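What follows is one structure encoded as structure tokens, with my remarks underneath.
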Amino acid sequence: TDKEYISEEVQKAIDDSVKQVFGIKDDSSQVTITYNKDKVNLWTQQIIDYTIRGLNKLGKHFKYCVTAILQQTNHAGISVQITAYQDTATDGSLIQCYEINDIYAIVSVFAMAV
Amino acid sequence: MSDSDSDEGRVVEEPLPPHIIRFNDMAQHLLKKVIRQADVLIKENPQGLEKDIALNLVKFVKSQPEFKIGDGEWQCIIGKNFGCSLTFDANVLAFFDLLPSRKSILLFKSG
Amino acid sequence: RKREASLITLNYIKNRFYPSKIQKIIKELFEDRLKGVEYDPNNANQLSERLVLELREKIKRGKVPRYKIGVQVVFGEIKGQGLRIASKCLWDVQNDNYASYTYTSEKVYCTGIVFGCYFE
Amino acid sequence: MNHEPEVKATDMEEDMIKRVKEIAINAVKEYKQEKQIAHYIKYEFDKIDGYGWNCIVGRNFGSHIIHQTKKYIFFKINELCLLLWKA
Amino acid sequence: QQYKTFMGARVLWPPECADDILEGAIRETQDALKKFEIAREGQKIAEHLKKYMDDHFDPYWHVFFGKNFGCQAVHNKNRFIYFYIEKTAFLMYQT
Amino acid sequence: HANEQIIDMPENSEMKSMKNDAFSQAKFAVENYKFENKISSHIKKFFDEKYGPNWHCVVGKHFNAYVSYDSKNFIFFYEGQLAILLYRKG
Amino acid sequence: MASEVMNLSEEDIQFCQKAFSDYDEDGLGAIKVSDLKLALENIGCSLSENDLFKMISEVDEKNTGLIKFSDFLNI
Amino acid sequence: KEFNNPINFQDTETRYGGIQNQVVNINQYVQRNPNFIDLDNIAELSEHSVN
Amino acid sequence: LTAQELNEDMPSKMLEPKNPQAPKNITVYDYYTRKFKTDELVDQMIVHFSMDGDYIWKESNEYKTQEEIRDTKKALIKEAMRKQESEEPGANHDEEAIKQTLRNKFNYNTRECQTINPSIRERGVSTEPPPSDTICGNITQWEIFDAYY
């Protein structure tokens with residue numbers, strides 16, 4: 001429990017990164033972000049910094065790998081499949097799909113036993 | 001109808017020279033035609049000025065019928081090492097490097 | 001070489017080349033599985049997951065049993081839409097390596113990322 | 001120290017040629033990357049010369065591109081060649 | 001500055017060159033030495049390695065190998081390989 | 001005593017100073033620095049400012065190397081006991 | 001394992017002579033000193049520099065093993 | 001004592017990822033009359049000194 | 001940015017966010033600087049696939065610029081078609097022909113420019129230090145005296 005991977009903890013870390021970059025969350029929020037070639041490069045690096053830092057703050061002794069993909073406002077068919085080779089009791093892999101107005105992004109977190 | 005094997009091939013008939021594509025914002029049929037002409041042109045005058053090779057390539061694409069996307073005049077720049085950013089007509093820019101030649105070729109139309 | 005022997009004691013590592021060996025293996029596997037470039041239908045999306053499952057087994061076969069392999073396969077349709085995917089993974093520097101291969105057809109783009117972490 | 005660039009050949013106005021050289025000196029120091037230098041010149045020229053512009057910086061390259069009359073200037077700095085044309 | 005031994009050859013533990021290419025280059029250099037000794041007709045073995053690099057890697061590779069030498073050079077990302085075999089150090093940077 | 005050297009530089013094309021600069025720079029740099037790694041960095045830096053970038057120079061008392069260089073940009077000379085090789089590629 | 005190779009006998013025999021001469025000990029191994037013993041006994045060369053020159057040129061050397069025999073074979 | 005890896009590490013778990021569908025046009029016009037693309041034919045160069 | 005303590009007092013090691021595979025340092029020559037410039041700090045971020053596309057949303061800032069370019073080209077085409085139609089009697093020239101007609105040898109000039117490049121050459125140079133010889137010297141009081149005498 002104290003040093004055991006939790007699916008709920010991983011989801012909150014990804015949520016903090018999405019909120020930190022552009023999310024004021026539902027009501028009392030006035031954010032309209034449009035994907036741009038210059039902006040997308042900055043967003044992937046910035047989002048990765050927040051997810052790793054957010055995971056690390058409450059992080060246990062687990063190897064962490066994070067992959068970020070930004071969809072170009074949908075209008076195409078994209079399917080992402082995640083395969084992880086790790087002891088089931090020791091680790092779990094969670095993939096989260098986020099809808100953020102004009103730009104759609106998918107965040108995947110990999111947990112490795114240490 | 002052909003030496004060794006009868007009726008040739010749909011794939012066997014067309015051979016493409018080895019090349020590396022940095023970016024390919026153009027129709028596949030148009031890009032394949034340009035690569036064959038570029039490889040033949042370089043082969044015709046090896047160790048020759050890039051400007052001379054570029055002039056022949058620009059004439060060939062312009063001369064061929066149904067290869068015109070309109071807007072800006074067709075213009076191709078060939079340099080072993082060069083860095084640039086040019087506004088171009090949508091789906092009219094082809095960028096490729098021939099592996100044997102080892103020289104990057106840039107073809108696009110700017111209006 | 002007492003120091004070299006000492007280096008084995010802190011971490012065995014078993015650092016078999018993984019930068020292009022996995023990349024060469026994934027690239028060869030992706031071309032055969034992709035088959036026709038033109039197909040991009042809704043029914044094919046279910047089929048894309050099947051390709052990912054086959055890929056993980058091949059990584060273990062190519063001298064990677066000691067390492068733990070995490071592989072993510074993304075299948076998308078490109079109509080000139082621009083999307084950039086960047087992956088950052090925290091691992092013991094020089095004790096782990098990853099292989100990434102990107103294959104783009106005229107109408108279909110397939111990207112496979114493989115992550116290997118040493119464990120014992 | 002970087003001396004003022006010498007233009008091998010150009011088709012520009014006396015007032016216009018000075019502006020290109022002035023923009024070129026600022027662009028080279030501001031961006032180390034060759035592509036970045038080309039990107040800066042095109043954007044600055046867009047406000048002054050309108051929507052259509054193109055900038056290419058190559059240490060060694062040879063090519064011929066159609067350009068609008070009086071809008072084409074080519075200047076070579078020490079050990080570097082920069083070519084910019086309009087439409 | 002921390003030297004490491006891989007595949008029987010001493011090279012920088014953090015490898016400037018790609019892991020795939022670096023292993024191939026080290027194996028080729030060892031095979032070349034097994035055939036031609038560094039001490040006699042040493043110039044010929046270095047030339048053979050340079051030609052071999054062009055066949056399987058991007059062209060204009062620069063190869064310098066000497067018992068004792070000091071050099072600093074500008075190379076492309078993941079195109080610099082430095083390793084020591086016995087008492088001889090081989091340094092190659094791709095341009 | 002530098003009995004045999006290889007000279008491949010332009011003569012009377014106004015690039016005559018490159019050969020002269022290489023001999024002068026090597027003698028001044030080698031005596032003051034007195035380090036094989038330092039000599040290569042100093043010779044490369046002086047040549048880079050005067051004739052532009054993409055210049056690679058390696059200095060070793062005893063070494064064997066094979067490299068591709070731009071025509072008329074490669075000069076090989078011996079400064080005292082030390083041997084210095086400088087050439088321009090790209 | 002020979003394969004049809006005549007070659008000279010006068011020299012091939014000489015090596016064996018000088019070899020067993022110092023190797024008579026029957027130790028089964030050869031050192032860098034033994035190789036010079038012969039030339040030191042008869043006085044073939046003036047200094048070890050000579051024998052060491054050719055030998056060193058062959059490839060490399062060490063303390064003692066057996067391959068040292070090459071010294072005579074090449075001598 | 002020091003780390004060992006005798007415990008079995010053979011389990012694999014896979015979780016699917018998907019994006020909810022929407023009209024393909026999505027109030028957008030495909031491409032542009034003029035397309036701007038930046039292409040670099042020169043690889044990045046890093047200088048390392050080994051003595 | 002955390003450190004993991006190895007069991008049985010092993011040498012300490014820690015994990016880092018930075019990707020090891022990415023080049024340790026990136027150096028780009030600056031013409032203004034006139035000397036090679038090296039930046040130790042790197043982005044250290046890895047992207048498996050990067051895609052740039054020409055997709056624009058309705059009423060975008062970029063879209064307005066594109067509309068202006070189309071209008072400016074259309075205005076020149078409209079003026080050229082109208083002037084030719086006005087100048088001639090009952091002109092039947094097509095819009096596509098007028099666009100081709102608008103381009104003129106004086107109107108558009110094409111020049112091909114190339115940069116001189118030295119031919120690449122491959123040369124092999126071998127250096128080998130002066131031959132060294134072994135010298136043995138024995139000095140005795142009588143020998144020193146004999147030379148002195």
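Chains: A, B, ... in order of the structure tokens. Residues: from 1 per chain. Ligands: from 1, in order shown.
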Neighbouring residues of residue 37 in chain D were defined as those with any atom within 10 Å, considering only C-alpha atoms; residues of the same chain fewer than 2 positions away were excluded. Please report them as a ChimeraX atom specification. /B:83-85 /D:24,26-35,39-42,55-57,82
Go ahead and write the residues just picked, C-alpha atoms, as a compact mmCIF listing (two decimals), in the first residue's frame.
```txt
# COMPACT_ATOMS: atom_id res chain seq x y z
CA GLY B 83 18.72 25.36 -44.41
CA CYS B 84 15.53 27.21 -45.48
CA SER B 85 11.77 27.80 -44.86
CA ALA D 24 20.83 40.01 -42.11
CA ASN D 26 20.69 41.05 -36.64
CA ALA D 27 19.39 37.63 -37.80
CA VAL D 28 22.83 35.89 -37.84
CA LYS D 29 23.72 36.88 -34.22
CA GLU D 30 20.17 36.17 -32.87
CA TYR D 31 19.92 32.53 -34.12
CA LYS D 32 22.83 30.01 -34.20
CA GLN D 33 20.77 27.51 -36.32
CA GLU D 34 20.97 28.00 -40.14
CA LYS D 35 17.21 27.25 -40.55
CA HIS D 39 12.97 31.78 -40.75
CA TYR D 40 13.65 35.19 -39.08
CA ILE D 41 14.45 36.98 -42.40
CA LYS D 42 11.21 35.78 -44.10
CA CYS D 55 14.45 32.73 -47.55
CA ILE D 56 17.12 29.97 -48.00
CA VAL D 57 20.55 29.82 -46.23
CA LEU D 82 21.98 33.39 -47.98
```
10 Å contacts from chain A to chain I using only C-alpha atoms, as a short mmCIF file (atom, residue, chain, number, x, y, z; two decimals) with C-alpha atoms, in the first residue's frame:
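Listed below is the output, selection_11.cif:
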```cif
data_model
loop_
_atom_site.label_atom_id
_atom_site.label_comp_id
_atom_site.auth_asym_id
_atom_site.auth_seq_id
_atom_site.Cartn_x
_atom_site.Cartn_y
_atom_site.Cartn_z
CA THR A 34 -6.07 25.87 -30.69
CA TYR A 35 -3.32 23.43 -31.82
CA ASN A 36 -0.41 25.25 -33.56
CA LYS A 37 2.83 23.79 -35.03
CA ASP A 38 5.02 26.04 -32.78
CA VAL A 40 2.44 21.75 -30.04
CA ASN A 41 6.24 21.25 -29.76
CA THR A 44 4.64 18.07 -25.42
CA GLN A 45 7.88 19.02 -23.59
CA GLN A 46 5.99 21.07 -20.94
CA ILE A 48 6.05 15.66 -19.98
CA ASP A 49 7.87 17.82 -17.36
CA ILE A 52 7.11 13.25 -14.48
CA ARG A 53 7.38 15.90 -11.70
CA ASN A 56 7.75 11.89 -8.74
CA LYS A 57 6.45 14.07 -5.84
CA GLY A 59 6.38 8.58 -6.26
CA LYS A 60 7.56 5.28 -4.69
CA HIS A 61 10.63 3.26 -5.83
CA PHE A 62 9.22 2.51 -9.35
CA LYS A 63 10.87 3.04 -12.78
CA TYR A 64 8.60 5.53 -14.66
CA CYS A 65 8.24 5.88 -18.49
CA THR A 67 4.72 8.84 -23.68
CA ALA A 68 2.65 11.84 -24.92
CA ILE A 69 0.81 12.00 -28.31
CA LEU A 70 -1.27 15.03 -29.48
CA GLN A 71 -4.10 14.36 -32.01
CA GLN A 72 -4.54 17.15 -34.63
CA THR A 73 -8.17 18.06 -33.66
CA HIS A 75 -10.83 14.21 -38.05
CA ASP A 102 -9.53 21.91 -30.14
CA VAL A 114 12.61 -1.57 -8.69
#
```
Give me the residues within 12 Å of residue 23 in chain G as number ranges by chain, counting only C-alpha atoms and dropping any in the same chain fewer than 6 places off. G: 15-17, 29-31, 33-38, 66, 68-69, 72
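With distances restricted to only C-alpha atoms, A:79 is the closest residue to residue 17 in chain H from A:79, A:10, A:33, A:20.
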Residues flagged helix (DSSP H, G or I) by DSSP in chain B, as a ChimeraX atom specification: /B:28-44,50-63
Could you list, as number ranges by chain, every residue within 12 Å of residue 70 in chain B, counting only C-alpha atoms and ignoring same-chain residues fewer than 2 positions away? B: 62, 65-68, 72-74, 88-92, 108-111; H: 33-34; I: 96-97, 99-100
Exercise answer, chain E residues close to chain I, 8 Å and only C-alpha atoms, as a PyMOL selection string: chain E and resi 16+42-43+46-47+74+77-78
Once you count only C-alpha atoms, which residues of chain H turn out to be within 9 Å of chain A? Could you give them as a VMD selection string? chain H and resid 8 to 26
Residues of the last selection are to be written out with N, CA and C atoms, as an mmCIF file, in the first residue's frame.
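And here's selection.cif as it stands now:
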```
data_model
loop_
_atom_site.group_PDB
_atom_site.id
_atom_site.type_symbol
_atom_site.label_atom_id
_atom_site.label_comp_id
_atom_site.auth_asym_id
_atom_site.auth_seq_id
_atom_site.Cartn_x
_atom_site.Cartn_y
_atom_site.Cartn_z
ATOM 1 N N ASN H 8 9.887 -14.809 -9.993
ATOM 2 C CA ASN H 8 9.365 -14.812 -11.349
ATOM 3 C C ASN H 8 8.820 -13.455 -11.746
ATOM 4 N N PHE H 9 9.115 -13.049 -12.975
ATOM 5 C CA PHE H 9 8.654 -11.782 -13.524
ATOM 6 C C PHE H 9 8.107 -12.054 -14.922
ATOM 7 N N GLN H 10 7.007 -12.801 -14.982
ATOM 8 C CA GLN H 10 6.396 -13.207 -16.252
ATOM 9 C C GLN H 10 4.986 -12.688 -16.610
ATOM 10 N N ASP H 11 4.436 -11.748 -15.849
ATOM 11 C CA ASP H 11 3.076 -11.280 -16.142
ATOM 12 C C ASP H 11 2.956 -10.037 -17.025
ATOM 13 N N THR H 12 2.057 -10.101 -18.010
ATOM 14 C CA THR H 12 1.810 -8.963 -18.938
ATOM 15 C C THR H 12 0.326 -8.569 -18.921
ATOM 16 N N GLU H 13 0.045 -7.272 -18.749
ATOM 17 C CA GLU H 13 -1.342 -6.731 -18.730
ATOM 18 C C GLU H 13 -1.442 -5.620 -19.784
ATOM 19 N N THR H 14 -2.480 -5.653 -20.635
ATOM 20 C CA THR H 14 -2.640 -4.637 -21.716
ATOM 21 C C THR H 14 -3.956 -3.868 -21.551
ATOM 22 N N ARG H 15 -3.892 -2.532 -21.606
ATOM 23 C CA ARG H 15 -5.103 -1.669 -21.488
ATOM 24 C C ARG H 15 -5.291 -0.883 -22.791
ATOM 25 N N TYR H 16 -6.490 -0.972 -23.382
ATOM 26 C CA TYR H 16 -6.818 -0.306 -24.671
ATOM 27 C C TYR H 16 -6.974 1.213 -24.513
ATOM 28 N N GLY H 17 -6.657 1.946 -25.587
ATOM 29 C CA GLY H 17 -6.786 3.415 -25.646
ATOM 30 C C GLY H 17 -7.586 3.834 -26.868
ATOM 31 N N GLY H 18 -8.593 4.697 -26.693
ATOM 32 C CA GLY H 18 -9.429 5.140 -27.830
ATOM 33 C C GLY H 18 -9.917 6.572 -27.689
ATOM 34 N N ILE H 19 -10.324 7.182 -28.808
ATOM 35 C CA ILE H 19 -10.857 8.579 -28.829
ATOM 36 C C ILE H 19 -12.296 8.535 -29.358
ATOM 37 N N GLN H 20 -13.224 9.212 -28.671
ATOM 38 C CA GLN H 20 -14.659 9.210 -29.070
ATOM 39 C C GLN H 20 -14.813 9.836 -30.462
ATOM 40 N N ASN H 21 -15.664 9.231 -31.296
ATOM 41 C CA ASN H 21 -15.904 9.671 -32.699
ATOM 42 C C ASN H 21 -16.693 10.985 -32.764
ATOM 43 N N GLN H 22 -16.529 11.704 -33.881
ATOM 44 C CA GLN H 22 -17.197 13.002 -34.175
ATOM 45 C C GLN H 22 -17.258 13.183 -35.698
ATOM 46 N N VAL H 23 -18.052 14.144 -36.188
ATOM 47 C CA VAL H 23 -18.152 14.358 -37.664
ATOM 48 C C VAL H 23 -16.752 14.694 -38.193
ATOM 49 N N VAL H 24 -16.362 14.063 -39.308
ATOM 50 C CA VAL H 24 -15.005 14.226 -39.910
ATOM 51 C C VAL H 24 -14.766 15.674 -40.359
ATOM 52 N N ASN H 25 -15.763 16.317 -40.974
ATOM 53 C CA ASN H 25 -15.557 17.701 -41.481
ATOM 54 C C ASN H 25 -15.217 18.635 -40.314
ATOM 55 N N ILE H 26 -15.987 18.541 -39.220
ATOM 56 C CA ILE H 26 -15.805 19.304 -37.941
ATOM 57 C C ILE H 26 -15.646 20.813 -38.194
#
```
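With the cut-off set to 6 Å and only C-alpha atoms counted, chain E residues close to chain H are residues 69, 70, 71, 72, 73, 74, 75, 76 and 77 of chain E.
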Test item: residues at most 6 Å from range 66-81 of chain D, only C-alpha atoms, excluding those fewer than 5 positions along its chain, as a PyMOL selection string: (chain D and resi 5-7+10-12+57-59+86-87) or (chain F and resi 52) or (chain I and resi 108-110)
Can you check which residues of chain I DSSP gives as strand (DSSP E) on the backbone and send them as a ChimeraX atom specification? /I:2-4,13-15,26-27,38-39,46-50,55-57,108-114,120-126
Keeping only C-alpha atoms, take the residues you just selected and write them out as an mmCIF file, in the first residue's frame.
```
data_model
loop_
_atom_site.group_PDB
_atom_site.id
_atom_site.type_symbol
_atom_site.label_atom_id
_atom_site.label_comp_id
_atom_site.auth_asym_id
_atom_site.auth_seq_id
_atom_site.Cartn_x
_atom_site.Cartn_y
_atom_site.Cartn_z
ATOM 1 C CA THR I 2 14.998 10.995 -6.192
ATOM 2 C CA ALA I 3 17.795 8.656 -4.959
ATOM 3 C CA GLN I 4 17.240 4.890 -4.371
ATOM 4 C CA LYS I 13 22.785 5.546 -7.402
ATOM 5 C CA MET I 14 19.735 7.669 -8.382
ATOM 6 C CA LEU I 15 17.336 7.962 -11.385
ATOM 7 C CA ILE I 26 24.669 20.141 -29.095
ATOM 8 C CA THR I 27 26.996 22.741 -30.721
ATOM 9 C CA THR I 38 28.627 24.772 -27.398
ATOM 10 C CA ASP I 39 25.466 24.514 -25.196
ATOM 11 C CA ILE I 46 12.367 11.939 -27.441
ATOM 12 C CA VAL I 47 9.426 11.964 -29.934
ATOM 13 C CA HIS I 48 8.752 8.655 -31.779
ATOM 14 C CA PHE I 49 6.688 10.400 -34.520
ATOM 15 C CA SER I 50 6.413 14.150 -35.354
ATOM 16 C CA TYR I 55 -5.273 21.924 -41.063
ATOM 17 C CA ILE I 56 -6.904 25.272 -40.053
ATOM 18 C CA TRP I 57 -10.083 25.888 -37.970
ATOM 19 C CA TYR I 108 8.791 37.226 -63.950
ATOM 20 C CA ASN I 109 12.571 36.565 -64.258
ATOM 21 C CA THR I 110 14.091 33.183 -63.213
ATOM 22 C CA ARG I 111 17.830 33.020 -62.278
ATOM 23 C CA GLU I 112 19.681 29.816 -61.224
ATOM 24 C CA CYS I 113 22.288 30.345 -58.432
ATOM 25 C CA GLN I 114 24.702 27.696 -57.008
ATOM 26 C CA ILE I 120 35.675 15.880 -51.342
ATOM 27 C CA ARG I 121 39.014 13.967 -51.223
ATOM 28 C CA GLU I 122 40.260 10.972 -49.147
ATOM 29 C CA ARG I 123 43.923 10.948 -47.955
ATOM 30 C CA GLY I 124 45.768 8.651 -45.491
ATOM 31 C CA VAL I 125 48.676 10.000 -43.363
ATOM 32 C CA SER I 126 50.890 7.774 -41.122
#
```
